[PDB]
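The next block is input.cif, given as mmCIF, C-alpha atoms and all ligand atoms.
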data_input
loop_
_atom_site.label_atom_id
_atom_site.label_comp_id
_atom_site.auth_asym_id
_atom_site.auth_seq_id
_atom_site.Cartn_x
_atom_site.Cartn_y
_atom_site.Cartn_z
CA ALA Z 4 106.57 114.24 62.43
CA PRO Z 5 103.50 111.99 61.67
CA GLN Z 6 100.35 113.98 62.46
CA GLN Z 7 99.26 111.57 65.23
CA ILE Z 8 102.51 112.24 67.09
CA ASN Z 9 102.32 116.01 66.34
CA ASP Z 10 98.78 116.30 67.66
CA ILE Z 11 99.22 114.28 70.97
CA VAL Z 12 102.37 116.09 71.87
CA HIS Z 13 101.15 119.63 71.04
CA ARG Z 14 97.70 119.12 72.76
CA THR Z 15 99.41 117.80 75.91
CA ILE Z 16 102.45 120.12 76.20
CA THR Z 17 100.85 123.40 75.07
CA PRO Z 18 98.45 123.44 78.05
CA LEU Z 19 101.25 122.13 80.36
CA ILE Z 20 103.46 125.13 79.46
CA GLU Z 21 100.47 127.50 80.01
CA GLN Z 22 99.50 126.12 83.40
CA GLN Z 23 103.04 125.80 84.78
CA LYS Z 24 104.39 129.09 83.26
CA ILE Z 25 107.33 127.20 81.76
CA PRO Z 26 109.65 129.67 79.88
CA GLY Z 27 111.18 127.04 77.57
CA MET Z 28 110.72 123.37 76.77
CA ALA Z 29 112.08 120.59 74.50
CA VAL Z 30 110.40 117.22 74.04
CA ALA Z 31 111.56 114.10 72.19
CA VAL Z 32 109.30 111.17 71.48
CA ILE Z 33 110.88 107.89 70.32
CA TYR Z 34 108.25 105.99 68.36
CA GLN Z 35 109.18 102.64 66.80
CA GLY Z 36 112.88 103.42 67.64
CA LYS Z 37 112.91 106.85 65.67
CA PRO Z 38 113.12 110.32 67.40
CA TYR Z 39 110.74 113.24 66.87
CA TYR Z 40 111.57 116.65 68.36
CA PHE Z 41 109.47 119.56 69.58
CA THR Z 42 110.50 122.93 71.02
CA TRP Z 43 108.78 125.91 72.65
CA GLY Z 44 109.64 129.13 74.43
CA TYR Z 45 112.95 130.59 75.44
CA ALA Z 46 116.24 129.28 76.68
CA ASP Z 47 117.15 132.91 77.73
CA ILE Z 48 114.25 135.34 78.23
CA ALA Z 49 116.42 138.49 78.45
CA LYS Z 50 118.49 137.77 75.32
CA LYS Z 51 115.36 136.38 73.46
CA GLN Z 52 117.14 133.11 72.61
CA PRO Z 53 114.67 130.35 71.67
CA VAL Z 54 114.81 126.74 72.71
CA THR Z 55 116.25 124.63 69.88
CA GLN Z 56 117.36 121.05 69.47
CA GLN Z 57 120.85 122.24 70.54
CA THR Z 58 119.73 123.91 73.81
CA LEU Z 59 121.45 122.51 76.90
CA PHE Z 60 119.24 121.89 79.92
CA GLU Z 61 120.30 120.84 83.44
CA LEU Z 62 119.11 117.22 83.95
CA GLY Z 63 119.34 117.31 87.76
CA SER Z 64 118.42 113.90 89.27
CA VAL Z 65 118.18 112.42 85.73
CA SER Z 66 122.00 112.59 85.87
CA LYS Z 67 121.76 109.59 88.21
CA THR Z 68 120.83 107.40 85.21
CA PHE Z 69 124.24 108.20 83.70
CA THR Z 70 125.96 107.41 87.01
CA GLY Z 71 124.03 104.13 87.28
CA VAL Z 72 125.04 103.05 83.78
CA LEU Z 73 128.69 104.09 84.32
CA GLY Z 74 128.63 101.99 87.49
CA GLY Z 75 127.07 99.13 85.56
CA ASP Z 76 129.86 99.38 82.98
CA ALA Z 77 132.49 99.21 85.77
CA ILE Z 78 130.79 96.04 87.17
CA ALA Z 79 130.78 94.47 83.71
CA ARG Z 80 134.51 95.34 83.34
CA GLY Z 81 135.27 93.49 86.61
CA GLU Z 82 136.55 96.68 88.31
CA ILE Z 83 133.87 96.69 91.02
CA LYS Z 84 131.13 94.48 92.44
CA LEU Z 85 127.87 95.72 93.96
CA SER Z 86 128.35 93.18 96.75
CA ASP Z 87 131.69 94.81 97.73
CA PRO Z 88 131.86 96.75 101.02
CA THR Z 89 132.19 100.50 100.60
CA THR Z 90 135.42 100.32 102.60
CA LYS Z 91 137.10 98.17 99.90
CA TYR Z 92 137.24 101.40 97.78
CA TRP Z 93 137.59 103.91 100.63
CA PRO Z 94 139.69 102.25 103.36
CA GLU Z 95 139.94 105.49 105.50
CA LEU Z 96 136.20 105.11 106.06
CA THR Z 97 136.89 103.24 109.34
CA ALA Z 98 133.80 104.23 111.39
CA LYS Z 99 131.85 101.12 112.46
CA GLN Z 100 128.51 102.09 110.92
CA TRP Z 101 130.06 101.35 107.49
CA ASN Z 102 130.44 97.61 108.29
CA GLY Z 103 127.79 95.96 106.06
CA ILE Z 104 127.18 98.98 103.77
CA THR Z 105 127.93 97.82 100.20
CA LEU Z 106 128.11 99.62 96.87
CA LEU Z 107 124.61 98.23 96.16
CA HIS Z 108 123.30 100.14 99.17
CA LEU Z 109 124.91 103.38 98.07
CA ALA Z 110 123.68 103.04 94.46
CA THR Z 111 120.04 102.30 95.50
CA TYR Z 112 119.59 104.74 98.42
CA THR Z 113 119.38 101.86 100.95
CA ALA Z 114 122.50 102.53 103.10
CA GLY Z 115 120.40 103.61 106.03
CA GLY Z 116 119.39 107.28 105.66
CA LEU Z 117 122.21 109.11 103.89
CA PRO Z 118 120.88 112.69 103.25
CA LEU Z 119 119.47 114.21 100.05
CA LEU Z 120 122.38 116.61 99.78
CA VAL Z 121 125.88 116.63 101.05
CA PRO Z 122 126.04 119.75 103.32
CA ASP Z 123 127.12 122.99 101.55
CA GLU Z 124 130.14 123.51 103.94
CA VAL Z 125 131.69 120.22 102.59
CA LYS Z 126 134.19 121.27 99.83
CA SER Z 127 137.43 119.30 100.02
CA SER Z 128 138.27 115.57 99.95
CA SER Z 129 139.09 115.68 103.69
CA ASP Z 130 135.69 117.45 104.37
CA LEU Z 131 133.88 114.69 102.52
CA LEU Z 132 135.64 111.88 104.50
CA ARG Z 133 134.61 113.65 107.81
CA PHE Z 134 130.98 113.93 106.65
CA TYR Z 135 130.69 110.20 105.86
CA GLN Z 136 132.65 109.15 109.00
CA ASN Z 137 130.37 111.24 111.29
CA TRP Z 138 127.08 110.27 109.54
CA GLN Z 139 124.88 108.27 111.91
CA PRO Z 140 122.44 105.90 110.03
CA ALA Z 141 118.84 105.88 111.22
CA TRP Z 142 118.34 102.36 109.86
CA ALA Z 143 120.20 99.14 109.25
CA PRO Z 144 121.42 98.72 105.67
CA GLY Z 145 118.98 97.32 103.13
CA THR Z 146 115.77 98.10 105.03
CA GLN Z 147 114.59 101.61 103.98
CA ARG Z 148 114.99 103.69 100.82
CA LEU Z 149 115.56 107.48 101.03
CA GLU Z 150 116.51 109.12 97.69
CA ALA Z 151 119.85 110.76 98.30
CA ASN Z 152 122.47 112.52 96.17
CA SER Z 153 124.98 111.78 98.99
CA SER Z 154 124.31 108.04 98.43
CA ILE Z 155 124.40 107.57 94.65
CA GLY Z 156 127.03 110.36 94.40
CA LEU Z 157 129.41 108.40 96.62
CA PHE Z 158 128.65 105.27 94.58
CA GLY Z 159 129.73 107.09 91.45
CA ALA Z 160 132.95 108.42 93.00
CA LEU Z 161 133.95 104.96 94.23
CA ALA Z 162 132.85 103.07 91.10
CA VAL Z 163 135.50 104.86 89.00
CA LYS Z 164 138.41 104.51 91.52
CA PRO Z 165 139.89 101.26 90.02
CA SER Z 166 139.93 102.75 86.46
CA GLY Z 167 142.38 105.53 87.48
CA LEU Z 168 140.13 108.07 85.73
CA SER Z 169 138.31 111.03 87.19
CA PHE Z 170 134.54 110.63 87.21
CA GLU Z 171 134.20 113.01 84.21
CA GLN Z 172 136.91 111.23 82.24
CA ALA Z 173 135.28 107.83 82.84
CA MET Z 174 131.86 109.23 81.94
CA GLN Z 175 133.19 110.86 78.73
CA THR Z 176 135.19 107.88 77.46
CA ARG Z 177 132.97 104.96 78.64
CA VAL Z 178 129.43 106.38 78.20
CA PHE Z 179 129.16 109.70 76.28
CA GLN Z 180 131.71 109.01 73.53
CA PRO Z 181 130.56 105.40 72.66
CA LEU Z 182 126.90 106.51 72.46
CA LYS Z 183 127.79 109.67 70.39
CA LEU Z 184 126.45 112.03 73.06
CA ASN Z 185 128.70 114.82 71.80
CA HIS Z 186 126.65 117.68 73.32
CA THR Z 187 126.35 116.21 76.83
CA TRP Z 188 128.53 117.70 79.57
CA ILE Z 189 129.37 117.55 83.24
CA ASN Z 190 131.08 120.95 82.86
CA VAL Z 191 129.69 123.09 80.03
CA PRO Z 192 132.65 124.25 77.90
CA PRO Z 193 133.01 127.97 76.93
CA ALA Z 194 132.26 127.09 73.25
CA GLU Z 195 128.82 125.71 74.21
CA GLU Z 196 127.73 128.57 76.60
CA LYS Z 197 125.64 130.21 73.84
CA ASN Z 198 123.48 127.04 73.94
CA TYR Z 199 123.19 126.76 77.73
CA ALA Z 200 119.67 127.68 78.80
CA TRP Z 201 119.10 129.72 81.91
CA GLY Z 202 116.91 128.07 84.57
CA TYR Z 203 114.14 130.16 86.17
CA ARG Z 204 113.19 130.16 89.77
CA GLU Z 205 110.82 132.92 91.01
CA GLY Z 206 111.46 134.97 87.82
CA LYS Z 207 115.29 134.88 88.28
CA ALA Z 208 117.83 133.35 85.88
CA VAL Z 209 119.87 130.64 87.65
CA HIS Z 210 122.33 127.82 86.99
CA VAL Z 211 123.11 124.95 89.32
CA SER Z 212 125.70 125.86 91.97
CA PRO Z 213 128.90 123.90 92.58
CA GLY Z 214 128.85 121.36 95.34
CA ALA Z 215 130.46 118.18 96.61
CA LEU Z 216 129.76 115.10 94.44
CA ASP Z 217 127.62 117.25 92.06
CA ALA Z 218 129.01 115.54 88.85
CA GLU Z 219 128.15 112.14 90.27
CA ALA Z 220 124.55 112.89 91.31
CA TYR Z 221 123.07 115.93 89.55
CA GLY Z 222 125.64 117.52 87.29
CA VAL Z 223 124.83 116.52 83.68
CA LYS Z 224 123.60 119.07 81.05
CA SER Z 225 122.35 117.76 77.70
CA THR Z 226 120.35 118.55 74.60
CA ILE Z 227 117.05 117.06 73.56
CA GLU Z 228 118.91 115.26 70.68
CA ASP Z 229 121.42 113.62 72.97
CA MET Z 230 118.71 112.71 75.49
CA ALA Z 231 116.71 111.06 72.74
CA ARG Z 232 119.83 109.04 71.87
CA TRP Z 233 120.22 108.16 75.59
CA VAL Z 234 116.64 106.82 75.60
CA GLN Z 235 117.25 104.80 72.37
CA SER Z 236 120.41 103.29 73.97
CA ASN Z 237 118.47 102.34 77.09
CA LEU Z 238 115.51 100.94 75.08
CA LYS Z 239 117.73 98.75 72.91
CA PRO Z 240 121.09 98.02 74.70
CA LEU Z 241 121.96 95.06 72.39
CA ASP Z 242 122.49 97.45 69.44
CA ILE Z 243 125.41 99.01 71.45
CA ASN Z 244 128.71 97.67 70.11
CA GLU Z 245 130.82 98.17 73.31
CA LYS Z 246 130.15 94.93 75.31
CA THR Z 247 130.61 96.23 78.91
CA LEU Z 248 128.44 99.29 78.15
CA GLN Z 249 125.63 97.10 76.75
CA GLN Z 250 125.86 95.03 79.95
CA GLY Z 251 126.06 98.15 82.13
CA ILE Z 252 122.77 99.47 80.67
CA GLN Z 253 121.17 96.06 81.40
CA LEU Z 254 122.42 96.10 85.03
CA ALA Z 255 121.02 99.64 85.57
CA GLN Z 256 117.52 98.35 84.67
CA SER Z 257 117.73 95.26 86.93
CA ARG Z 258 115.25 95.30 89.83
CA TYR Z 259 117.17 95.32 93.12
CA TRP Z 260 114.46 96.45 95.58
CA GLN Z 261 110.67 96.82 95.64
CA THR Z 262 108.66 99.54 97.40
CA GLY Z 263 104.96 99.44 96.55
CA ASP Z 264 104.63 99.07 92.76
CA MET Z 265 108.11 100.58 92.04
CA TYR Z 266 111.42 98.79 91.56
CA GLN Z 267 114.80 100.47 92.17
CA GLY Z 268 117.51 100.11 89.52
CA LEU Z 269 120.86 101.89 89.28
CA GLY Z 270 119.60 105.41 88.66
CA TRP Z 271 116.55 104.16 86.76
CA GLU Z 272 113.30 103.32 88.52
CA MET Z 273 110.79 100.85 87.11
CA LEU Z 274 107.14 99.76 87.25
CA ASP Z 275 105.42 96.87 85.51
CA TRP Z 276 103.73 97.94 82.23
CA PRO Z 277 100.78 98.39 81.88
CA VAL Z 278 100.98 100.84 84.75
CA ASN Z 279 98.20 102.64 86.69
CA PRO Z 280 99.01 106.43 86.11
CA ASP Z 281 98.29 107.34 89.77
CA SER Z 282 100.72 104.48 90.69
CA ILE Z 283 103.65 106.03 88.71
CA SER Z 287 107.31 112.15 93.66
CA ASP Z 288 107.76 115.81 94.64
CA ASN Z 289 103.98 116.64 95.09
CA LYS Z 290 106.03 118.84 97.42
CA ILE Z 291 107.50 115.95 99.57
CA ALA Z 292 110.95 117.03 100.81
CA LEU Z 293 111.75 113.51 102.41
CA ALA Z 294 109.80 110.21 101.81
CA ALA Z 295 111.28 107.25 103.74
CA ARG Z 296 109.88 103.87 102.50
CA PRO Z 297 110.55 100.26 103.54
CA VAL Z 298 112.13 98.11 100.83
CA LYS Z 299 111.97 94.36 100.15
CA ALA Z 300 115.11 92.88 98.55
CA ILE Z 301 114.60 91.07 95.24
CA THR Z 302 116.88 88.11 95.86
CA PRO Z 303 118.51 87.82 93.30
CA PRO Z 304 117.79 90.99 91.21
CA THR Z 305 115.45 90.48 88.28
CA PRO Z 306 117.20 91.20 84.94
CA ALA Z 307 115.79 94.15 82.97
CA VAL Z 308 112.12 93.43 82.27
CA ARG Z 309 111.14 94.65 78.77
CA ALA Z 310 107.48 95.09 79.92
CA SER Z 311 108.40 98.02 82.21
CA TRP Z 312 107.75 101.71 82.53
CA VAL Z 313 111.31 102.87 83.17
CA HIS Z 314 111.66 106.51 84.29
CA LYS Z 315 113.46 109.13 86.21
CA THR Z 316 112.54 112.65 87.29
CA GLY Z 317 115.05 115.40 87.81
CA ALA Z 318 115.27 118.93 89.16
CA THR Z 319 117.68 121.70 89.85
CA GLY Z 320 116.65 125.09 91.20
CA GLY Z 321 115.87 126.32 87.69
CA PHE Z 322 115.14 123.12 85.67
CA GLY Z 323 112.67 120.18 85.57
CA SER Z 324 113.44 117.04 83.54
CA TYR Z 325 111.65 113.76 82.93
CA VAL Z 326 112.55 110.61 80.98
CA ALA Z 327 110.32 107.57 80.52
CA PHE Z 328 110.37 104.59 78.23
CA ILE Z 329 108.83 101.20 77.64
CA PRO Z 330 111.28 98.64 76.09
CA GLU Z 331 108.58 96.15 74.93
CA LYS Z 332 106.90 98.95 72.84
CA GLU Z 333 110.07 100.78 71.59
CA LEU Z 334 108.42 103.91 73.00
CA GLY Z 335 109.94 106.73 74.96
CA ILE Z 336 109.86 110.37 75.89
CA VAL Z 337 112.17 113.10 77.19
CA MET Z 338 110.75 116.38 78.55
CA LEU Z 339 113.32 119.13 79.37
CA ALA Z 340 112.21 122.44 80.87
CA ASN Z 341 113.90 125.49 82.33
CA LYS Z 342 111.54 125.67 85.29
CA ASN Z 343 111.24 123.14 88.14
CA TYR Z 344 107.45 122.43 87.95
CA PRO Z 345 105.63 119.67 89.89
CA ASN Z 346 106.62 116.05 89.24
CA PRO Z 347 102.97 114.87 88.89
CA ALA Z 348 102.35 117.22 85.96
CA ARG Z 349 105.43 115.66 84.25
CA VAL Z 350 104.28 112.06 84.74
CA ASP Z 351 100.69 112.96 83.71
CA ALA Z 352 101.81 114.50 80.40
CA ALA Z 353 104.28 111.68 79.60
CA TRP Z 354 101.63 109.03 80.27
CA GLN Z 355 99.07 110.90 78.13
CA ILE Z 356 101.57 110.93 75.19
CA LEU Z 357 102.93 107.34 75.38
CA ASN Z 358 99.55 105.71 76.12
CA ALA Z 359 98.12 107.36 73.03
CA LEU Z 360 101.02 105.97 70.89
CA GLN Z 361 100.75 102.27 71.91
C1 LIG W 401 112.88 114.13 95.70
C2 LIG W 401 114.15 114.49 95.83
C3 LIG W 401 115.22 113.42 95.91
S1 LIG W 401 116.83 114.08 95.59
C4 LIG W 401 116.27 115.23 94.37
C5 LIG W 401 117.48 115.76 93.60
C6 LIG W 401 117.37 115.36 92.13
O1 LIG W 401 116.70 115.97 91.34
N1 LIG W 401 117.56 117.20 93.92
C7 LIG W 401 118.63 117.99 93.85
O2 LIG W 401 119.70 117.58 93.43
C8 LIG W 401 118.45 119.41 94.35
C9 LIG W 401 117.40 120.22 93.56
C10 LIG W 401 116.33 120.87 94.44
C11 LIG W 401 115.20 121.50 93.61
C12 LIG W 401 114.61 122.75 94.27
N2 LIG W 401 114.52 122.63 95.72
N3 LIG W 401 119.69 120.20 94.44
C13 LIG W 401 120.46 120.66 93.43
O3 LIG W 401 120.25 120.42 92.26
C14 LIG W 401 121.72 121.43 93.77
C15 LIG W 401 121.50 122.55 94.79
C16 LIG W 401 120.69 123.73 94.27
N4 LIG W 401 120.73 124.62 95.43
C17 LIG W 401 119.82 125.50 95.89
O4 LIG W 401 120.06 126.14 96.91
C18 LIG W 401 118.51 125.81 95.20
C19 LIG W 401 117.57 124.61 95.05
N5 LIG W 401 118.71 126.52 93.95
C20 LIG W 401 118.18 127.74 93.80
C21 LIG W 401 118.44 128.45 92.50
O5 LIG W 401 117.54 128.29 94.68
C22 LIG W 401 121.24 124.33 92.99
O6 LIG W 401 120.51 124.27 91.98
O7 LIG W 401 122.38 124.83 92.92
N6 LIG W 401 115.53 116.24 95.14
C23 LIG W 401 114.53 115.91 95.85
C24 LIG W 401 113.82 116.92 96.66
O8 LIG W 401 113.28 116.58 97.74
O9 LIG W 401 113.79 118.10 96.26
K K W 402 132.61 118.83 92.77
#

Have the structure of the file written as structure tokens, please.
Amino acid sequence: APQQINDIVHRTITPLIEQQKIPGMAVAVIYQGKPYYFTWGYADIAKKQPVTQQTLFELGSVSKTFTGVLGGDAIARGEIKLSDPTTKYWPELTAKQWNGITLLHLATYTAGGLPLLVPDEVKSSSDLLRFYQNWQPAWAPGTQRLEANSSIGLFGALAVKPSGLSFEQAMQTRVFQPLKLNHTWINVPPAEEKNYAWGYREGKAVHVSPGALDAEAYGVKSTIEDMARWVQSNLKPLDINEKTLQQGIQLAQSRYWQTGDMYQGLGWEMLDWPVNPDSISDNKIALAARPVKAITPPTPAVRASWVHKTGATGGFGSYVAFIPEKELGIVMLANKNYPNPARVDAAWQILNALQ
């Protein structure tokens, strides 16, 4: 890389790895549209496998950006509308609380207090219908935001219903394959297992456990090369040749709701750039309910934005940020779940120094 990039990334990430005891890390910076890669540590401590540009990391909540874009692509295809009632796509959802809950609400965590996780004792398609039928909202729809894998995960499952495809098949054919994300996976194939990093949680090697709507909310594993390509695609959607996908990326960066200085997209979250770095979590907050103000109608993707998403599984911590008006971006993938503020701090320190 150019020495300026080299030096800001290594002076920022080296002490981050130290302080947070991160076993393994990959970083990509996208600087004038062009990726630059950096790796440290181990992907598997016991087997002494290093992190490389081909290491797969669990993206956790960053997976939601893929679900938001796949949903955007389905809207652009005319298969769904965000204004549609949920019940249009799941008619057996007959319980009265669902009257007035739209796909917009599900995609943006505004349905009225759907939980962070679907309960572990929900396995089957009948178990999932009972869970949603029996769920009692705390709030009226479109009033309060509570980040929820049960919310955006249901959005993703319903958004693909009119295509006739499974969620994975729609994701593969409509998002991963057009963007040449050939080492990005909902289910890691046997051939790629040698590249799949272990996560580490209290010294113990761990992968993300199966659960209900886990592909749709937190199930994507990717490399630092494919995640750099995902940032480039989201920075510059008009270079994408597949029309509905280009439009789906644009819809995922539209501003649907405002809480404080943040704006809720489909998966992506946004602030106005330039951004105060204390204004940009899990500083160990298990549940953070916030009032939202509708942006009526949604603002199309603002190029002067800090667009980002954090992500965690038990063993992994991910972070993606980018600034369309500067052609700048960053992906940080780690095999430890370390505090969200340390992620945002390091990302800001890097990108600020490069504009
Ligand atoms: C801020 C949010 C919004 S929703 C967001 C969301 C996206 O990243 N989180 C998840 O999907 C969470 C991650 C929780 C991190 C450690 N507690 N759940 C999962 O990924 C799946 C369940 C998870 N199950 C577990 O029992 C734990 C966390 N794993 C281990 C190894 O102990 C697993 O890894 O298999 N999590 C939070 C939160 O409060 O932790
Ligand atoms: K599943």

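Excluding residue 292 of chain Z and any residue on its chain fewer than 3 positions from it, the residues at most 12 Å away by only C-alpha atoms are residues 118, 119, 120, 149, 150, 151, 287, 288, 289 and 295 of chain Z.
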
Which centre and edge lengths in Å to one decimal define the box along x, y and z that fits every listed atom of ligand LIG 401 (chain W) plus 4 Å per side, as JSON?
{"center_x": 117.6, "center_y": 120.9, "center_z": 94.5, "size_x": 17.5, "size_y": 23.0, "size_z": 14.4}

Residue nearest residue 106 of chain Z - candidates Z:345, Z:222, Z:18, Z:74, atoms counted: all atoms listed in the file: Z:74

Counting all atoms listed in the file, the residue among Z:322, Z:299, Z:238, Z:19 that lies closest to residue 34 of chain Z is Z:238

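Closest approach to residue 153 of chain Z among Z:250, Z:92, Z:219, Z:211: Z:219, based on all atoms listed in the file.
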
If the limit is 9 Å from any atom of ligand K 402 (chain W), counting only C-alpha atoms and all ligand atoms, which residues qualify? Return them as a list in words. residues 126, 127, 213, 214, 215, 216, 217, 218, 219 and 222 of chain Z

Using C-alpha atoms, can you export the residues from the last selection as a short mmCIF file (atom, residue, chain, number, x, y, z; two decimals), in the coordinates of the input?
data_model
loop_
_atom_site.label_atom_id
_atom_site.label_comp_id
_atom_site.auth_asym_id
_atom_site.auth_seq_id
_atom_site.Cartn_x
_atom_site.Cartn_y
_atom_site.Cartn_z
CA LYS Z 126 134.19 121.27 99.83
CA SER Z 127 137.43 119.30 100.02
CA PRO Z 213 128.90 123.90 92.58
CA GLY Z 214 128.85 121.36 95.34
CA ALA Z 215 130.46 118.18 96.61
CA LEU Z 216 129.76 115.10 94.44
CA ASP Z 217 127.62 117.25 92.06
CA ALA Z 218 129.01 115.54 88.85
CA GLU Z 219 128.15 112.14 90.27
CA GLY Z 222 125.64 117.52 87.29
#

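Using all atoms listed in the file, the residues found no farther than 10 Å from residue 61 of chain Z, other than those of its own chain fewer than 6 positions away, are residues 188, 189, 199, 200, 201, 202, 210, 211, 221, 222, 223, 224, 225, 226, 317, 318, 319, 320, 321, 322, 323, 324, 339, 340 and 341 of chain Z.
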
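Proximity to ligand LIG 401 (chain W) was assessed for Z:122, Z:44, Z:140, Z:103 counting all atoms listed in the file; the smallest distance is recorded for Z:122.
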
Please, could N, CA, C and O atoms be added to segment 308-322 of chain Z and the result written as a PDB file, in the coordinates of the input?
ATOM      1  N   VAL Z 308     113.398  93.890  82.758  1.00  0.00           N
ATOM      2  CA  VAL Z 308     112.120  93.430  82.270  1.00  0.00           C
ATOM      3  C   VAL Z 308     111.702  94.379  81.146  1.00  0.00           C
ATOM      4  O   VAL Z 308     111.582  95.575  81.381  1.00  0.00           O
ATOM      5  N   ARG Z 309     111.585  93.854  79.923  1.00  0.00           N
ATOM      6  CA  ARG Z 309     111.140  94.650  78.770  1.00  0.00           C
ATOM      7  C   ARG Z 309     109.744  95.250  78.877  1.00  0.00           C
ATOM      8  O   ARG Z 309     109.553  96.361  78.403  1.00  0.00           O
ATOM      9  N   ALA Z 310     108.821  94.564  79.563  1.00  0.00           N
ATOM     10  CA  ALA Z 310     107.480  95.090  79.920  1.00  0.00           C
ATOM     11  C   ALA Z 310     107.547  95.912  81.220  1.00  0.00           C
ATOM     12  O   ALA Z 310     107.098  95.465  82.264  1.00  0.00           O
ATOM     13  N   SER Z 311     108.214  97.059  81.141  1.00  0.00           N
ATOM     14  CA  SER Z 311     108.400  98.020  82.210  1.00  0.00           C
ATOM     15  C   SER Z 311     108.176  99.427  81.711  1.00  0.00           C
ATOM     16  O   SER Z 311     108.401  99.710  80.549  1.00  0.00           O
ATOM     17  N   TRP Z 312     107.616 100.277  82.575  1.00  0.00           N
ATOM     18  CA  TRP Z 312     107.750 101.710  82.530  1.00  0.00           C
ATOM     19  C   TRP Z 312     108.997 102.071  83.291  1.00  0.00           C
ATOM     20  O   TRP Z 312     109.052 101.900  84.478  1.00  0.00           O
ATOM     21  N   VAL Z 313     110.025 102.399  82.631  1.00  0.00           N
ATOM     22  CA  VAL Z 313     111.310 102.870  83.170  1.00  0.00           C
ATOM     23  C   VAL Z 313     111.359 104.394  83.101  1.00  0.00           C
ATOM     24  O   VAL Z 313     111.169 104.990  82.039  1.00  0.00           O
ATOM     25  N   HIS Z 314     111.612 105.032  84.241  1.00  0.00           N
ATOM     26  CA  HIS Z 314     111.660 106.510  84.290  1.00  0.00           C
ATOM     27  C   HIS Z 314     112.519 107.035  85.448  1.00  0.00           C
ATOM     28  O   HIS Z 314     113.157 106.272  86.179  1.00  0.00           O
ATOM     29  N   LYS Z 315     112.797 108.335  85.188  1.00  0.00           N
ATOM     30  CA  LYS Z 315     113.460 109.130  86.210  1.00  0.00           C
ATOM     31  C   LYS Z 315     113.062 110.582  86.045  1.00  0.00           C
ATOM     32  O   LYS Z 315     113.080 111.108  84.936  1.00  0.00           O
ATOM     33  N   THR Z 316     112.763 111.217  87.183  1.00  0.00           N
ATOM     34  CA  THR Z 316     112.540 112.650  87.290  1.00  0.00           C
ATOM     35  C   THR Z 316     113.840 113.314  87.674  1.00  0.00           C
ATOM     36  O   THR Z 316     114.734 112.722  88.240  1.00  0.00           O
ATOM     37  N   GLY Z 317     113.878 114.609  87.478  1.00  0.00           N
ATOM     38  CA  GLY Z 317     115.050 115.400  87.810  1.00  0.00           C
ATOM     39  C   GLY Z 317     114.777 116.858  87.979  1.00  0.00           C
ATOM     40  O   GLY Z 317     113.907 117.385  87.355  1.00  0.00           O
ATOM     41  N   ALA Z 318     115.426 117.503  88.923  1.00  0.00           N
ATOM     42  CA  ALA Z 318     115.270 118.930  89.160  1.00  0.00           C
ATOM     43  C   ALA Z 318     116.596 119.543  89.571  1.00  0.00           C
ATOM     44  O   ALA Z 318     117.459 118.890  90.191  1.00  0.00           O
ATOM     45  N   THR Z 319     116.810 120.770  89.140  1.00  0.00           N
ATOM     46  CA  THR Z 319     117.680 121.700  89.850  1.00  0.00           C
ATOM     47  C   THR Z 319     116.815 122.872  90.237  1.00  0.00           C
ATOM     48  O   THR Z 319     115.603 122.865  89.996  1.00  0.00           O
ATOM     49  N   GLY Z 320     117.401 123.915  90.824  1.00  0.00           N
ATOM     50  CA  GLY Z 320     116.650 125.090  91.200  1.00  0.00           C
ATOM     51  C   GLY Z 320     115.855 125.726  90.075  1.00  0.00           C
ATOM     52  O   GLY Z 320     114.728 126.164  90.313  1.00  0.00           O
ATOM     53  N   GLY Z 321     116.415 125.687  88.863  1.00  0.00           N
ATOM     54  CA  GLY Z 321     115.870 126.320  87.690  1.00  0.00           C
ATOM     55  C   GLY Z 321     115.387 125.382  86.600  1.00  0.00           C
ATOM     56  O   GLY Z 321     114.982 125.907  85.600  1.00  0.00           O
ATOM     57  N   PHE Z 322     115.474 124.072  86.737  1.00  0.00           N
ATOM     58  CA  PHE Z 322     115.140 123.120  85.670  1.00  0.00           C
ATOM     59  C   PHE Z 322     114.311 121.924  86.186  1.00  0.00           C
ATOM     60  O   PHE Z 322     114.381 121.567  87.366  1.00  0.00           O
TER      61      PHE Z 322
END
